[PDB]
Asks: 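Got a structure for you, questions after.
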Amino acid sequence: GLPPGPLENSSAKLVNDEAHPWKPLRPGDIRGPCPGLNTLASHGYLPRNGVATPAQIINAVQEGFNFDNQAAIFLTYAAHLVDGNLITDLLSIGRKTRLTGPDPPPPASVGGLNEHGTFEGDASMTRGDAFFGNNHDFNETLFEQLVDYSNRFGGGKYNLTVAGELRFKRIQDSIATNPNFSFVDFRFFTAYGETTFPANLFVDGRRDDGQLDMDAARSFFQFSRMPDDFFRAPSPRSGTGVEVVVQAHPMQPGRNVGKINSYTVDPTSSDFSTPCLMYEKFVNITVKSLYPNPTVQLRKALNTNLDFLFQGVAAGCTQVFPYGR
Ligand code: HEM
Ligand SMILES: *[C@@H]1O[C@H](CO)[C@@H](O)[C@H](O)[C@H]1NC(C)=O
Ligand SMILES: *[C@@H]1O[C@H](CO)[C@@H](O)[C@H](O)[C@H]1NC(C)=O
Ligand SMILES: *[C@@H]1O[C@H](CO)[C@@H](O)[C@H](O)[C@H]1NC(C)=O
Ligand SMILES: *[C@@H]1O[C@H](CO)[C@@H](O)[C@H](O)[C@H]1NC(C)=O
Ligand SMILES: *[C@@H]1O[C@H](CO)[C@@H](O)[C@H](O)[C@H]1NC(C)=O
Ligand SMILES: CCCCCCCCCCCCCC
Ligand SMILES: [Cl-]
Ligand SMILES: [Mg+2]
């Protein structure tokens, strides 16, 4: 379907309401590396089995959290292009599943959001790097580090100051321990934005003060659960304040080169000075590598979802056409 538009009414309101109760997982229910989508599935803003259409995801992040429309469109269609089934229009918010339908031919993976190196990547705050065996489940040791950083830099709350320090710590931990650490292009951008999301979207909208308490943080990150009486943010937003996180410890895009402590800058990578390059490489390299020579029906679905992706791209970038117009 067409990408949903912005909310008609973006006021703060109770989103942990009678129509959207938290429920535990049933056998087969999928949760993944994103605490936002996980919480929306566990409150029935998304299908509770964790398999959704792009339009369901965009409507859920707007209605449940007041995620802004352009951000919702960009992230949802990026995820769907690399991890979703373009013919059935279904995406898993976690593991690969037969529930997204018959797979396209290799080298397309349709691996769900758990697929490493498409959307998901290294130096996550509460999830381990894929090299360590699990890129999707809540990790208590990593969450306790988030609590420690909140105690040291946030007066016991998670805020953008904490985000700036923790983002850098996770990068340094990956450089020191993950010989395959990758921090370029799409992951370089999204890794910084994601650290603002708890301060911008997990804070009760009646306060909207950017100070996330650790009880609320655990409820979202571990249990995919809104606090009792949770109000969504009082206006549409996503990554506002990402400039604070970058400014704390400015990094160049790069990777470990098959050994720990070998972080090598990639001059072919996009960085925050070249946001349009990040979009162009995502389409021309990442998407194209999954679908190098698609059949007629796949080509049509790709071009449709690429048009939708471009709706989410900041004004001033040129649309690219890997399969023609
Ligand atoms: C709009 C569509 C969305 C998509 C497709 C999406 C997808 C993802 C994916 C794949 C990751 C894992 C990246 C990684 O850490 O390796 C992630 C991380 C994250 N997402 Fe989402 N997300 C979306 C919206 C949101 C929303 C609305 C929120 C909050 C309300 C949110 C909060 C987060 C947070 C906090 C993380 C980082 C988790 C961590 O590092 O421990 N996301 N998202
Ligand atoms: C929008 O929603 C808020 C809170 O639910 C309500 O108080 C406000 O009056 C509504 N605006 C419109 C469109 O009625
Ligand atoms: C290692 O890095 C490459 C890309 O540089 C990626 O294809 C691969 O999945 C990574 N594997 C793990 C488990 O990190
Ligand atoms: C959690 O992360 C820690 C720290 O990186 C790691 O040592 C541990 O194996 C991870 N897994 C679990 C299940 O705690
Ligand atoms: C984070 O909280 C600490 C303690 O209250 C404070 O020093 C710092 O200014 C806060 N940062 C933000 C961005 O609010
Ligand atoms: C992407 O491909 C288009 C041609 O379809 C080209 O104009 C553009 O320069 C390419 N961008 C990159 C970064 O490769
Ligand atoms: C890439 C993730 C950043 C956080 C989301 C907010 C920005 C809205 C998406 C626009 C992307 C533009 C790329 C050129
Ligand atoms: Cl919006
Ligand atoms: Mg990750």
Side-chain angles (χ1 to χ4, degrees), residues 1-7 30 32 34 37 40-41 45-47 49-63 67-94 96-115 117-120 185-186 189-190 238 270 275-325:
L2 289 177
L7 296 177
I30 294 171
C34 177
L37 300 182
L40 293 165
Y45 282 96
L46 286 175
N49 69 357
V51 175
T53 69
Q56 286 176 318
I57 292 167
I58 291 160
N59 279 320
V61 298
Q62 292 187 158
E63 183 65 6
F67 208 66
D68 68 275
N69 186 246
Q70 188 146 51
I73 288 170
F74 183 72
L75 292 182
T76 300
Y77 291 107
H80 184 53
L81 278 160
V82 297
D83 289 338
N85 190 311
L86 303 176
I87 296 296
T88 65
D89 205 37
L90 296 168
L91 171 61
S92 167
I93 70 173
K96 183 166 175 65
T97 176
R98 292 174 306 240
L99 290 175
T100 52
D103 274 347
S109 39
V110 182
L113 292 185
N114 284 10
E115 189 72 13
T118 53
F119 191 124
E120 186 286 322
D185 289 313
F186 187 81
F189 276 68
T190 52
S238 50
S270 57
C276 299
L277 184 61
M278 178 180 72
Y279 154 68
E280 290 191 27
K281 290 189 75 189
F282 184 80
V283 171
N284 287 10
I285 299 170
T286 309
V287 173
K288 190 72 182 292
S289 293
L290 291 163
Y291 299 95
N293 190 29
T295 58
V296 49
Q297 284 314 106
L298 257 181
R299 189 187 158 269
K300 171 148 182 159
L302 278 152
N303 282 340
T304 295
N305 284 283
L306 285 166
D307 283 343
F308 295 167
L309 176 73
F310 186 70
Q311 283 186 49
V313 172
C317 300
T318 307
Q319 193 172 358
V320 290
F321 299 98
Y323 311 110
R325 299 184 73 125

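Counting begins at 1 with the first residue of the sequence. Reckoned from all heavy atoms, side chains included, excluding hydrogens, waters and symmetry mates.
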Asks: Find the distance between NZ (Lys288) and NZ (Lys281) and round it off to the nearest 0.5 Å.
Replies: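 Between atom NZ of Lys288 and atom NZ of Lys281 there are 15.5 Å.
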Asks: Taking the side chain as every heavy atom from C-beta outward, state whether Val283 and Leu309 have any atom pair closer than 4.5 Å.
Replies: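 With C-beta onward as the side chain, the pair touches.
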Asks: Any side-chain donor-acceptor pair under 3.5 Å between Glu120 and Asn114?
Replies: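 No.
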Asks: Measure across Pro47 and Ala41 and return the closest heavy-atom pair with its distance rounded to 0.1 Å.
Replies: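 So the minimum-distance heavy-atom pair works out to O-CB, 3.7 Å.
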Asks: Drop me the distance from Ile73's CD1 to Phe67's CZ, to the nearest 0.5 angstrom.
Replies: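 Rounded to the nearest 0.5 Å, the CD1-CZ separation comes to 11.5 Å.
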Asks: Check the pair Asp185, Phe282 against side-chain contact (heavy atoms from CB on, under 4.5 Å), reporting the backbone distance first and the verdict last.
Replies: CA-CA 8 Å; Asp185 289 313; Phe282 184 80; over 6 Å; no
Asks: What heavy-atom pair brings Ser109 and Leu290 nearest, and what distance separates the two atoms?
Replies: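 Heavy-atom minimum between the residues: OG-CD2, 3.8 Å.
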Asks: Rounded at 0.5 Å granularity, tell me how far CG in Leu91 sits from NE2 in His80.
Replies: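 So the gap between those two atoms works out to 7.0 Å.
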Asks: How long is the span from the CD1 atom in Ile93 to the CD1 atom in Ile57, to the nearest 0.5 Å?
Replies: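 That separation rounds to 7.5 Å.
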Asks: Answer yes or no: is there a side-chain heavy-atom contact under 4.5 Å between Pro102 and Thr88?
Replies: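 Counting from C-beta outward, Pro102 and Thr88 do come under 4.5 Å.
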Asks: Do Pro292 and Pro107 make a side-chain contact, defined as non-hydrogen atoms from C-beta onward lying under 4.5 Å apart?
Replies: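 Counting from C-beta outward, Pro292 and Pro107 do come under 4.5 Å.
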Asks: Strictly by modelled atom types, are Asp89 and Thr53 linked by a side-chain donor-acceptor pair under 3.5 Å?
Replies: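 Result is no, nothing qualifies.
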Asks: Could you grab the distance from atom CD1 of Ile30 to atom OG1 of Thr97, nearest 0.5 Å is fine?
Replies: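 Those atoms lie 4.0 Å apart.
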Asks: Do you know which two heavy atoms are closest between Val61 and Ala72, and how far apart they sit?
Replies: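 Answer, listing the atom of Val61 first, then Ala72: CG2-CB, 3.7 Å.
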Asks: Which heavy atom of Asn69 sits nearest a heavy atom of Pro6, and at what distance?
Replies: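 Closest approach of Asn69 to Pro6: ND2-N, 3.6 Å.
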Asks: With side-chain contact (heavy atoms from CB on, under 4.5 Å) as the test, pick out the partner of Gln297 among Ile87, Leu86, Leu302.
Replies: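 Answer to the side-chain contact (heavy atoms from CB on, under 4.5 Å) test with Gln297 among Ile87, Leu86, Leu302: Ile87.
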Asks: Any non-hydrogen side-chain atom of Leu298 less than 4.5 Å from a side-chain atom of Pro105?
Replies: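 Side-chain contact under 4.5 Å: yes.
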Asks: For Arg299 and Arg325, work out which heavy atoms get closest and say how close.
Replies: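 Minimum heavy-atom contact is NH2-O, 4.1 Å.
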Asks: Counting N and O atoms only, with roles assigned by atom type, does the side chain of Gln70 sit under 3.5 Å from a partner on the main chain of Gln311, one being a donor and the other an acceptor?
Replies: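 Yes, the answer is positive, given that a donor and an acceptor are paired below the 3.5 Å cut-off.
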Asks: Rounded to the nearest 0.5 Å, what's the gap from CD on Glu280 to CD on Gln319? Could you check?
Replies: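 It is 11.0 Å, given to the nearest 0.5 Å.
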Asks: Identify the heavy atoms of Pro104 and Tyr291 that sit nearest to each other, and give their distance.
Replies: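 Closest approach of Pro104 to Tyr291, heavy atoms only: CG-OH, 3.7 Å.
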Asks: Report yes or no: does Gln62 contribute a side-chain atom to a donor-acceptor pair with the main-chain N or O of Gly5 at less than 3.5 Å?
Replies: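 A pair under 3.5 Å: yes.
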Asks: Checking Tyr279 side chain against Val320 main chain: does a donor-acceptor pair fall under 3.5 Å?
Replies: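 Looks like yes, one N/O pair under 3.5 Å.
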Asks: State plainly whether the residues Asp83 and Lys96 are in salt-bridge range, i.e. N to O under 4.0 Å.
Replies: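 Between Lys96 and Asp83 there is no salt bridge, as every charged N stays at least 4.0 Å from the carboxylate O atoms.
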Asks: Hey, does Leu2 have a side-chain heavy atom less than 4.5 Å from the side chain of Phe308?
Replies: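 The answer is yes; the side chains approach within 4.5 Å.
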Asks: What verdict does the side-chain contact (heavy atoms from CB on, under 4.5 Å) test give for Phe321 and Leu306, after you've listed the backbone C-alpha separation in whole Å, the side-chain angles of each residue and the deciding distance to 0.1 Å?
Replies: CA-CA 8 Å; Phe321 299 98; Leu306 285 166; over 6 Å; no
Asks: Apply the ring-ring contact (aromatic ring centres under 6.0 Å, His included) test between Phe119 and each candidate in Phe186, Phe189, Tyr77; give the one that qualifies.
Replies: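 Of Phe186, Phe189, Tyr77, ring-ring contact (aromatic ring centres under 6.0 Å, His included) with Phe119 is met by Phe186 alone.
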